[PDB]
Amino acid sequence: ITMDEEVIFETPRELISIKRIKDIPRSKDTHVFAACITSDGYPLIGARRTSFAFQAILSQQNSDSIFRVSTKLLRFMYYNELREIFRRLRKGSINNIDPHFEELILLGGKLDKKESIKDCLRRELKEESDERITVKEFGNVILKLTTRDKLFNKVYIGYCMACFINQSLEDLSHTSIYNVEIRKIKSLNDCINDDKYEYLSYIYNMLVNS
């Protein structure tokens, strides 16, 4: 990708614009994402601990005696989340479930006050991986990600850089991860059937092949 191509991807849930920019803004809480490449050359992706759908559902409750859920969202939730919703009612079965669902996200987080971009990336990578990810080298390319969530009608902005890390894929793939932010770190190329695979793959390719 050249300095001024903008590419717009669409999935059943998201529209996302990816555009190469020169500098990251820094205001209140800028969001910075790490596209991590392992020592053995694998692109990494996180499975968010809480799905976007279950986060939203929880935020929509307003009564101790009423629980409300759009059934369209059931296919975008984890097993434990579905169990929590239906734990008291316990009907025979439920419909529209995807047992393969995972909420794929680039690792990363919010920029602190007067925190450098690279320090933010190092710190968030450490927090989200239980101290198991360190950065050998940062890439040059900076992408701005603009995402519209089609289900909730919200727009999000973040910025992404490449992080070539010291760890191998296997280094991050024996021990389960205990974060409140992340339930798994895995190879993006183990996720070919995910709604997000095409645009995440594009991000990695643009960051390393430009």
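All residue numbers refer to positions in the sequence shown, first residue = 1.
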Comparing mean C-alpha B factor in the record for 166 to 174 and 55 to 63, the higher one is 166 to 174
Assert higher mean C-alpha B factor (91 to 99 or 74 to 82, deposited values) equals 91 to 99
From the entry's CA B-factor values, the highest among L104, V135, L111, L107 is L111
The largest CA temperature factor among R20, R13, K186, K196 is found at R20
Here the Cα B-factor of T50, set against its chain, lands in the third termed lowest
For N153, the third of its chain by CA B-factor is the middle
Sorting the chain's modelled residues by C-alpha B-factor and splitting them into thirds places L145 in the middle
By the entry's values, the third containing the CA B factor of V32 is the lowest
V69: CA temperature factor from the record, placed by chain third, in the middle
